[PDB]
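Here's the letter readout for the chains.
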Amino acid sequence: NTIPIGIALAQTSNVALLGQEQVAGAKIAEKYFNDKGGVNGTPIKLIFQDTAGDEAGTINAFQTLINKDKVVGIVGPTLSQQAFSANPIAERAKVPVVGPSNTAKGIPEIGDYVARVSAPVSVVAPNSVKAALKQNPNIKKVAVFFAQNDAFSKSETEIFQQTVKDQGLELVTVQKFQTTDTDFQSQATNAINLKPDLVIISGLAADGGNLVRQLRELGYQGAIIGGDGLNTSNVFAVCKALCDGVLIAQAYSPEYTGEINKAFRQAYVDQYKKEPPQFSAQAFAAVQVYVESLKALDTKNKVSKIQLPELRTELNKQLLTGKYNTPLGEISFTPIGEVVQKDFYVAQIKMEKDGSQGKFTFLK
Ligand SMILES: CC[C@H](C)[C@H](N)C(=O)O
Ligand SMILES: [Cl-]
Ligand SMILES: [Mg+2]
């Protein structure tokens, strides 16, 4: 006998360039928590249903997990874009959802069954602008790019634009693209002609990486900030040596000294031979929230005896009240499921000259 927890993440499509890191973190969590006896001796079982890259696939995944797999709760989906369309399905069904990495404004407000462990763009994004200004105090002109078809990219760009204004900088252009675009020559040239000192990009991984590369090819020599959708070593293959120097805010640090982070980090490094990425840590934290909430609930009200609809509702109620020492730090939730947490960082992509390898270097 095991307790089923659904994992609805992008395991296929270009969205999997983000989702696969989340999957990795979830699998590390499953082993970590089951090796500690699961839920008071009862193992958890993570049930993976691929969402693919769109809304319909996410709705399908959620419905399968809820109806066929009888899960007590869902971790997912990967994108804010998917969450806005699919999370209402879980809300209506009274099945908890914990989002690992979805940072658009408005997600916890979807309903009483929607929580997230990832602080939103309003507190994440400004960090990287401040870091850019620290590295070059003479930045004056800023060009902003965003993926107009993606909910998170639109939410993130709003924050970047406001931060640029609040820092007293000149916003010389805002250029739009689609996450499915590979070619950005016109937008990149448009921006380059305005002589920006800083370029900010809010897209996802393949698109963001291609845009970074093309900006450099077209002769742009200024600073570049990537938003959260570029926050993966999967961009390295796309921009190669030309990824070097990109600044990306972080909501997780491998060097955070919490005991569970040490365990998580060591498990990750030993397997993948590099530091755990943010998305992996976030997915681990989401699974942790479910395991620790299930343990707390089970101690007060034995879960093996609770029928599924009531188990889902009681689990949701419990998780919202919990305090968790996770790889992300100590976190908890507001009454509507927003994360309460502290500490952000900024990292900078450092590529080897040949462009075949790189790393994220955390700024001190
Ligand atoms: C994988 C998460 C992505 C990068 C973004 N934070 C979003 O909310 O969609
Ligand atoms: Cl294109
Ligand atoms: Mg909520």
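1. Focus on the coordination of the magnesium ion (ligand 3)
Alright, step 1. Surrounding the magnesium ion (ligand 3) are the protein donor atoms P108 (O), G111 (O), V114 (O) and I336 (O), at 2.3 to 2.4 Å.
Alright, step 2. In the primary structure, the donors to the magnesium ion (ligand 3) are separated according to the pattern P-x2-G-x2-V-x221-I. Taken together, the positions of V114 in strand 5 (residues 114-116) and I336 in the loop between strand 12 (329-333) and strand 13 (339-340) put the pair 222 residues apart, joining distant regions of the chain.

2. Notes on the domain arrangement of the protein chain
Alright, step 1. Domain boundaries in the protein chain define domain 1 (1-120 + 254-342) and domain 2 (121-253 + 343-364).
Alright, step 2. At the interface, 31 residues of domain 1 touch 27 residues of domain 2.
Alright, step 3. At the level of elements, helix 1 (16-35), helix 3 (80-93), helix 10 (259-272) and helix 11 (278-300) are the ones that each hand at least two residues to the side of domain 1 that touches domain 2.

3. Digging into the packing of helix 1 against helix 11
Alright, step 1. Taken N-terminus to C-terminus, the directions of helix 1 and helix 11 make an angle of 40°; their axes are 7 Å apart at the nearest point. As the angle between them shows, helix 1 and helix 11 are arranged oblique. For the pair helix 1 and helix 11, the sense of crossing is right-handed. Packed against helix 1, whose contacting residues are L18, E21, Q22, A24, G25, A26, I28, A29, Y32 and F33, the element helix 11 presents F279, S280, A283, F284, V287, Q288, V291 and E292 at the interface.
Alright, step 2. Of the residues assigned to the contact of helix 1 with helix 11, the class counts are 12 nonpolar, four polar and two charged.

4. Points about the packing of aromatic side chains
Alright, step 1. Summed over all chains, the structure comprises 11 aromatic pairs.
Alright, step 2. Residues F33 and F284 carry aromatic rings whose centres are separated by 5.4 Å and whose planes lie at 45° to one another, so their mutual orientation is tilted. Of the two residues, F33 is situated in helix 1 and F284 in helix 11; the sequence distance between them amounts to 251 residues.
Alright, step 3. Judged by centre distance (6.4 Å) and plane angle (50°), the rings of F264 and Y268 are tilted. Taken together, the residues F264 and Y268, both in helix 10 and four residues apart, mark about one turn of the helix.

5. Section: the sheet that holds strand 12
Alright, step 1. Taken in spatial order, the three strands make up an open sheet running 11-12-13, and their pairing is antiparallel. This sheet does not close on itself; its edge strands, each paired only once, are strand 11 (323-326) and strand 13.
Alright, step 2. In terms of strand pairing, strand 11 meets strand 12 through four bridges, oriented antiparallel. Of the residues in strand 12, the one forming a bridge with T326 is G329.

Rules used in this analysis
- Residues numbered from 1 in each chain as written, not as in the entry; some residues may be left out.
- Chains lettered and ligands numbered in written order.
- Heavy atoms only, no water.
- Residues with missing side-chain atoms left out of burial classes, pairs and counts.
- Donors = N, O, S within 2.8 Å, 3.2 Å for Na, K, Ca; no water.
- Helix = DSSP H or I, 4+ residues; strand = E, 2+ residues; numbered from the N terminus.
- Domains from an automatic or database assignment.
- Contact = heavy atoms within 4.5 Å.
- Axes fitted to C-alpha atoms, helices over the stretch in contact; angles between N-to-C directions.
- Parallel < 35°, antiparallel > 145°, perpendicular 65-115°, else oblique.
- Left-handed = near helix turned anticlockwise from the far one by under 90°.
- Nonpolar A, V, L, I, M, F, W, Y, C, P; charged D, E, K, R; others polar.
- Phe/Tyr/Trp six-rings, centres within 6.5 Å; stacked < 30°, edge-to-face > 60°.
- Pairing = 2+ DSSP bridges.

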